[PDB]
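[1] this one's structure only:
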């Protein structure tokens, strides 16, 4: 099973939750946002295959093709290697998308941008073909933005890695279905993007405090026979 | 064409991007939390930071200003002239240009043909669809982690008060019952060396989002639905809009503050193909990350051209020395 | 008419823009933090400063002073005659002209045609919503980086206390229970070589923001709502307002202090078109940065006009060796 | 730690009973990046000894007490090794902080 | 190296009471020692008043002033000789200037 | 162990419903019950029975209704009626919803409907929601009656709140305290004592009730329930409600912490109590600007913030006694 391992160094994260007014955001980037980013990468890297009348259909077909290449509905997980904090901001997000209310109704609204210093993404594949391996490696790169246009994103290196069936704690995110048999963090995450579903994922984040601040440090989870190493240290990743 | 710029700018005594305070007499500056290393310690520090909405709006203002100079400035919405840009909405299906010309929103091709701001900064038409994302993106403006480490604590924010005296006909001043307005407000002024990063995706300007190439004569030529001459004019206008970006035209309170602006260092890379974003200037080791990313891109077969201002970034990289941001704009507008 | 100025002014014994009020003793000058290199990490130092509101209001005063004498002086706000800049505060709908005629805030064109200060310096209408950003913007007056580095922090401040001679009519100095005010109050006086930057956007004078163009003959003709001669006079007055600027009329407490001024060196550029903002004189390397900026702007096809005083600049690009500030503004008004 | 005896002296220059109001010395000692300006500020504060002593003498209430020479060398024998400003702050700010306390001097 | 207090004890005699010799100018000049030359000049001005205090102390039932030893003068001279930087000159001058104001028990 | 689960909707309102379970257990018993932080669910370990939880609850929501008749379609100036509900329509709805629990719970009958929730129960809700290409009519966010009533019980009994009128407008500061690691039942009951009914301060001299981070210090200064946050890690979630010209909106959601401020106050008041509350109140009322610098130093451990606070306070009316100054130096270390 070829694993796409990439390091993302983006300062501020911007995808919000199922909410309004004050838009709470995810603690970790969602699989849907990463899937959309890779769909856009396929759009601007190989536009001959993906060329639709509207961008909505092109994005939908790219996401469908990616899911077809994906092992299962259970999508990619992420690994935060830096502490997480909630950074509430104020922006003039105009409220004009409702009925009436003229066309210029700008009000101050809250939308926090969690601060991240480093992050790792481990896409799980099913031994894809070589002729598309380099193309998808390049597409995984050049992810210039995540979430909204404000939150810039930038990669550093991407590579192909194998599990080699290593024993290590599962420091990634896994669906809360098989984890019953195994200081925990589970919530609805919206794995599947909606194009006109809601699966509870476990998050490896602890709100412990050492002296005065809590941030979000490691979780020290139970060991899993399935994992893979990088730069010496081994991360636990689940596969279906 | 496709360019990306990241650097550090030394600006001080500025009052940008406040929380409004429309119901409060105290007007503070924006506050942000930063995690940083402290010699085996992960601490959080409070520093001001300009939101990317500000940078995008001011870049749009510069673009719409430089678009009036060219003779082809007629293709522009009347709304953009007033520094507006809400760009329709669910209940709007008609676009009004500068001359007052009705434009339908049936497809993105005609919209970008008749409008320039919509082509660059995007728009939405929830009534009919045709979603178009902005082709210019800006990161936030934060001080680098090195500056926070060097300063450790300390306020770095100066609270300065100004009064609004409104006397009566001869000399009579009143506080809260004479019907006059006498209020003494306080504004927070920030300093420090900040980091900025922007991605300019100009090569797609004038090309519909759904049809990047025409692909009719067995050759995937770009689907430039607009005149190539005024397409290049739009590219030049957007590139030169960056000139009043690294000069001190950012944020609010320009009349009373006018930030004392000076770019310290920057690295930019350009090419005609899709280019990865390099790094934010926030990180201390952003230069080594830039070197690694450009080395990887050039090893993967990318014709990257690199411009460097006040940085070495190695010798074996064929990087062009830059004397000022105007030098960078001049070198960019050659293509 | 777009013109930018930037230079260094020698200034000493100035109590400009103090913080404390008259009633409370020990009137203190304003302080601001600045970042400097000092051959190590970026260290922050508190230092006396002059806020940009100071410069904006004194520019307003100079503007009305040099605009009253013009034949179009009747087109001025009543509050402007009092040098009161509270243009259209909170809680009013209409204003009064200098001659007593009333003006209603409905459209920007009439406001900028009848009133001059509300046009050059902009205005805000809380009741109606009328907007006009200031066409003149001011930076601060901070000591330059090389000077603050070379002074190694000697506090640059002298706190001098003095008093009145408030005495009773009988000739006996009473206490607080009598009705006298025989108290000592302290004023802080600062010194040092500071740098300034003022940016003028006079090219848009007399042009409403809502409809800057009209396209009568399919030509981008600006919507000049006033007579062209009136616009020329207004531009000339605004440019002449800089003569009292670099002369000792940009601060408070001028009666008892009158800051000791001498412009050391400066550079000014103007090209009748959009221009990037110049590098402030705060940084020690602003000479080279401004030189490169103007050289490359001229290289890009901008008819940049450059005037320099006591600076070599480039010695190769077109630079006019101006000798005085009013000579500079005379050169500016020559080519309006 | 020989702070009260000098804290009261610095409060002497700000208390309402002494109508001289020399705030410059307090700001100078409080705002001190390095050694020399802190020493100059404390010297400026100490230079007003005759003013305080024979202004309170003219008032009637007992005169202020000058800091003893015993702890004068204590300040200079510790500040010499405080090269780092961050560790200097812990006492630089406290010197001014103790000057704004009550310190009931004389009724 | 211990002589700072020795010279400060003598310097304190020019400001304290029970001496009627209020020479604040020399103390201020020593405290305002911009360069080494006029620092030495201020020290010399302070030492010029030594005979006055020495002879008037016994005229009021007080111990004679502790005039600094020639070893103290040698220490001051060698300290000044190696100092060509105002950075440490300021702190050196303030060091002996601050001892002038102290609660010395000159007369019991 | 019952191990009663709590619905996962919004970790602010999800807290309220879960943070009010324990008091519905106090009136029925359920000894040795602990709340385990589930990231957002906030699960509680209980040995209670199903009926015992219900009989304990009907005694709790009895009190709010009993206080509701005390003032008067009945509108009372209480916490769950008008003190925290900034919307005029929600003044009547919440009492009517709560009294329906009388008719359902007391007659051994489970609820069968759902009701609209205000912005008070969660700031994350509102009036509209972007589905795909615009907003959805009505109020899409709805919660079952039982969780709704339990959330109101917890909000009334435990979560402190402060309302400032200042004429036509209205500022309502709402504070919820959240366990993050572990908590016992006796520890939770201590937090209940923090809440005080009807904190309608209004007035004009208390103009410092604006500025949330400055405003909450006044309530904590006069609160001496239990010094617990020094041994357990607890965080504060707050939001503000504004009624400037009948414009209901939220303008502040800053995520501060309460441990540092409380540890500051305990170290300040350990020396003297007479000169502690008086000094803070005198500085807070007179030198509001000094208070802002004071509180900023507490949350950032900055030395200069204390110096400016004392200087500006001494200017107007603050005695600034000696004992508190020594305490601050001990805080400085």
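    Noted; the coordinates are in hand. Numbers count the residues shown, from 1 in each chain, chains lettered A, B, ... in the order given.
[2] for chain D, what spans make up the helices?
    In chain D, the helices defined using DSSP state H lie at D:4-12, D:23-30, D:35-46, D:49-59, D:72-79, D:85-97.
[3] And for the stretch 151-300 of chain F?
    In the stretch 151-300 of chain F, the helices defined using DSSP state H, counting those that start in this stretch lie at F:185-194, F:212-221, F:259-269, F:274-286, F:288-300.
[4] and the angle for the helix or strand just after the last one with helix D:4-12?
    So the one you mean is helix F:288-300. Where DSSP states H and E defines the elements, the next helix or strand beyond helix F:288-300 is helix F:303-316. Per axes from the mean of the first three to the mean of the last three CA atoms, to 10 degrees, the angle that helix F:303-316 makes with helix D:4-12 is 50 degrees.
[5] For helix F:303-316, enumerate the helices and strands it packs against.
    Where contact means 3 or more CB pairs under 8 Å, 6 or more residues apart in numbering or on different chains; DSSP states H and E, helix F:303-316 is packed against helix D:85-97, helix F:274-286, helix F:288-300, helix F:322-332. All C-beta atoms are positioned from the backbone trio N, CA, C, and that covers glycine.
[6] nearest to chain E, of these?
    Nearest to chain E, of all the helices and strands packed on helix F:303-316, is helix D:85-97, at 13.4 Å by CB to the nearest CB.
[7] anything in the closest one near chain E?
    No - using CB under 8 Å from any CB of the partner chain, helix D:85-97 stays clear of chain E, coming no nearer than 13.4 Å.
[8] quick one, phi psi at the residue nearest to residue B:274 when sequence neighbours are not counted?
    Residue nearest to residue B:274 in three dimensions, not counting chain neighbours: residue A:44, with 5.1 Å by CB to CB, 6 or more residues apart in numbering or on different chains. In terms of degrees, to the nearest 10, the main-chain angles of residue A:44 are phi -90, psi -10.
[9] What separation is there between residue A:44 and chain D?
    Going from residue A:44 to chain D by CB to the nearest CB, to the nearest Å gives 49 Å.
[10] which residue does chain D bring closest to chain E?
    Counting by CB to the nearest CB, chain D gets nearest chain E through residue D:69, at 3.8 Å.
[11] How many residues are close by that residue?
    Neighbourhood size, residue D:69 [other CB atoms under 10 Å in any protein chain shown]: 17.
[12] hmm, back to that, make CSV out of the helices of the stretch 151-300 of chain F and add mean neighbour count and distance to chain B.
    Conversion of the helices of the stretch 151-300 of chain F to CSV gives the following (neighbours: other CB atoms under 10 Å in any protein chain shown; distance: least, CB to the nearest CB, whole Å):
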stretch, mean neighbour count, distance to chain B
helix F:185-194, 17, 25
helix F:212-221, 19, 10
helix F:259-269, 18, 12
helix F:274-286, 18, 15
helix F:288-300, 20, 6
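[13] which stretch among these comes nearest chain D?
    Here helix F:274-286 is closest among the helices of the stretch 151-300 of chain F (CB to the nearest CB), at 8.7 Å.
[14] And the helices in chain A?
    If DSSP H is used as the criterion, the helices of chain A fall at A:31-45, A:55-69, A:130-140.
[15] Stretch A:18-36 and chain F in contact?
    Yes - Stretch A:18-36 comes into contact with chain F (CB under 8 Å from any CB), by way of A:19, A:20, A:21, A:22, A:24.
[16] same deal with stretch A:94-106?
    Yes - against chain F, stretch A:94-106 shows contacts by CB under 8 Å from any CB at A:97, A:98, A:99.
[17] Phi, psi for the last one please.
    When read as degrees, to the nearest 10, the backbone of residue A:99 gives phi -70, psi 140.
[18] separation between it and chain B?
    From residue A:99 to chain B the distance is 8 Å (CB to the nearest CB).
[19] Spit out the contact partners of that residue.
    B:91, F:135, F:137 (CB atoms under 8 Å, 6 or more residues apart in numbering or on different chains).
[20] What subset of those residues is buried?
    Neighbour-count burial (16 or more other CB atoms under 10 Å in any protein chain shown) applied to the contacts of residue A:99 gives B:91, F:135.
[21] List the buried residues of the longest helix seen in chain F.
    Scanning chain F for the longest helix, with DSSP H as the assignment, gives helix F:50-69. Applying a neighbour-count criterion of 16+ other CB under 10 Å, one finds F:52-58, F:60-61, F:64-65, F:67-68 buried in helix F:50-69.
[22] Centre of the chain to that helix, how far?
    Relative to its chain's centre, helix F:50-69 lies at 20 Å (CA atoms, centre = their mean, to the nearest Å).
[23] What of stretch A:185-202?
    Remark: stretch A:185-202 is offset 11 Å from the chain centroid, using CA atoms, centre = their mean.
[24] Ends of that stretch, what's the gap?
    Using CA to CA, to the nearest Å, one end of stretch A:185-202 lies 5 Å from the other.
[25] how far away is residue F:49 from residue F:26?
    From residue F:49 over to residue F:26 the distance is 15 Å, taken as CB to CB, to the nearest Å.
[26] Neighbour count for those two, which is higher?
    residue F:26 (18 against 13).
[27] List the contacts of the closest residue to residue B:72 other than its chain neighbours.
    With CB to CB, 6+ apart as the criterion, residue B:72 has its nearest non-adjacent residue at 4.4 Å, and that residue is residue B:230. Counting by CB under 8 Å, 6+ apart, residue B:230 makes contact with B:70, B:72, B:75.
[28] can you rerun that using 10 Å?
    Taking CB atoms under 10 Å, 6 or more residues apart in numbering or on different chains, we find residue B:230 in contact with B:70, B:71, B:72, B:73, B:75, B:113, B:116, B:206, B:237.
[29] Which single residue of chain A ends up nearest chain F?
    Residue nearest to chain F within chain A: residue A:185 (3.6 Å; CB to the nearest CB).
[30] which phi and psi does that residue have?
    Main-chain dihedrals, residue A:185, degrees, to the nearest 10: phi -140, psi 110.
[31] repeat for residue B:195
    Torsion angles, degrees, to the nearest 10, at residue B:195: phi -120, psi 140.
[32] next one: residue F:143
    For residue F:143, the backbone dihedrals are phi -130, psi 150 (criterion: degrees, to the nearest 10).
[33] JSON lines please, covering the helices of the stretch 151-300 of chain F and showing distance to chain A.
    Below are the helices of the stretch 151-300 of chain F laid out as JSON lines (distance: least, CB to the nearest CB, whole Å):
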{"stretch": "helix F:185-194", "distance to chain A": "16"}
{"stretch": "helix F:212-221", "distance to chain A": "12"}
{"stretch": "helix F:259-269", "distance to chain A": "6"}
{"stretch": "helix F:274-286", "distance to chain A": "22"}
{"stretch": "helix F:288-300", "distance to chain A": "10"}
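[34] mind putting the ones you listed in JSON lines, distance to residue F:242 included?
    Output for those, formatted as JSON lines (distance: least, CB to CB, whole Å):
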{"stretch": "helix F:185-194", "distance to residue F:242": "24"}
{"stretch": "helix F:212-221", "distance to residue F:242": "12"}
{"stretch": "helix F:259-269", "distance to residue F:242": "24"}
{"stretch": "helix F:274-286", "distance to residue F:242": "22"}
{"stretch": "helix F:288-300", "distance to residue F:242": "19"}
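[35] which one of those helices lies closest to residue B:313?
    Evaluated over the helices of the stretch 151-300 of chain F, closeness to residue B:313 peaks at helix F:288-300, with 36.1 Å, by CB to CB.
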